[PDB]
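First, one chain by itself in structure tokens, the form deposited in one PDB entry.
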């Protein structure tokens, strides 16, 4: 139900071994840890959750961009990239959160398919 894809706009490559943390907003308006992992050689993180676990709610995907740039010897601007969205059941739904990284910029899009 949830896939994250990270790309590097400087090297023209997948962003490999990037830490990604997913949080779910709790009733108290705090961020509860939900799922995490590191992107693969293809810049992808699969297997974060299941259809049963991935209920409607507000989610935050935090991408550890700062550690990624520092490991390549590059000085980055952001502490991290955050993607905050509502999961809405309206029909069978798969969410791909994509991020394209530069040292002083990032782009993110959602690809939501059935």
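In this text, rigid core is short for the largest set of C-alphas that superpose within 1.5 Å between two forms. Numbering follows the first chain given and starts at 1.
Asker: Per the PDB record, is the mean Cα temperature factor higher over 7-15 or over 86-94?
Answerer: According to the entry, 86-94 carries the higher average C-alpha B-factor.
Asker: Could you check which stretch, 97-105 or 21-29, carries the larger mean CA temperature factor in the entry?
Answerer: Going by the record's values, the stretch with the higher mean is 21-29.
Asker: Going by the recorded CA B-factors, say which third of the chain residue 39 sits in, lowest, middle or highest.
Answerer: For residue 39, the deposited C-alpha B-factor lands in the middle third.
Asker: Consider only the C-alpha atoms of the modelled residues in this chain, order them by B-factor as the entry records it, and name the third containing residue 75: lowest, middle or highest.
Answerer: For residue 75, whose C-alpha B-factor we compare with every modelled residue in the chain, the answer is the highest third.
Asker: Could you tell me which third, lowest, middle or highest, the C-alpha B-factor of residue 49 occupies within its chain?
Answerer: It belongs to the highest third of the chain when residues are ordered by C-alpha B-factor.
Asker: State the tercile, meaning the lowest, middle or highest third, of residue 110 with respect to the CA B-factors recorded for its chain.
Answerer: Lowest third - that is where residue 110 ends up once the chain's C-alpha B-factors are sorted.
Form deposited in another entry: not shown, discussed below.
Asker: After the core is superposed, which of these residues, 40, 67, 36, 49, moves its CA 2 Å or more between this form and the one not shown?
Answerer: Residue with a C-alpha shift of 2 Å or more: 67.
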